[PDB]
């Protein structure tokens, strides 16, 4: 097991303690680059496919890839398959160390910039509608860039299938199968450990998204996949209990209604609202159980909702902070 040392450490450390008595910030450090399944990936090209929007695409050259999304998944999967050196641009969400010097093709957060994309002379764009504008995606295709729209399932159960889908696009089915199986083994193993750590009465959680000290401050719902993360950590997602399907402003009324025990956040996002002290100034935060315990689990932004290959490790690291 790639997470074997971590699992052994967790099993040796005590969890008789009541996690409802823990206070303060817990921050999970960056997990780093995905370990590739091969050092000699040899894409079997060309590939013909029909993408998630119904577009027929031929992928004939994967030398210059733009793997773009909101969550940071595709760039990590591409590296896991053996093609990290082929990535020529990224969004702000693909924060993994291997891409730190790679050109960023989004502006103002997540807005696709056509000029930045086309100036990189990509041979393949892998993207989904988690980012836009849609019109920019259309412009890139119209400029002659092979563009493949994905629609990943983004559940823990589908980590392997989402990997296999990416692998098919780039003509690496064997690497896809290896990476899928490794990643699913790691998540199931993590879950066995999480189940041993969790309290009988699960912790109530919400995923709080922040960008700055103003109104970009949301409870994330079904569409963003945080339920999958929260339940993977042994929690109950209060957004799911309330039926939030997209996102909702994290105003005083919503926070009082949801009343989580833990806020799950992204670490750079938390910094952007002034850290835990800045968070505690926001209306309604301090009045929740989580606020009263200053209880925040901050996860590396570009891994937090990426799922993919490193999900198991994320769950183990995060659960250690919740329960040990």
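Positions refer to the first chain, counted from 1.
As recorded in the PDB entry, 207-215 is the stretch of 74-82 and 207-215 with the greater mean C-alpha temperature factor. When the C-alpha B-factors of 112-120 and 221-229 are averaged, 112-120 comes out higher. Of the residues listed, 40, 289, 26, 50, the entry assigns the biggest Cα temperature factor to 40. Within the selection 150, 180, 125, 190, the deposited Cα B-factor values reach their highest point at 190.
The deposited CA B-factor of residue 315 belongs to the lowest third of values across its chain.
Ranked against the other modelled residues of its chain, the C-alpha B-factor of residue 133 as given in the entry falls in the highest third.
In this PDB entry, the Cα temperature factor of residue 295 sits in the bottom third of its chain's modelled residues, the lowest group. Residue 303: CA B factor lies in the lowest third for its chain, per the PDB record.
Remark: residue 277 belongs to the highest third of its chain, ranked by C-alpha B-factor as recorded.
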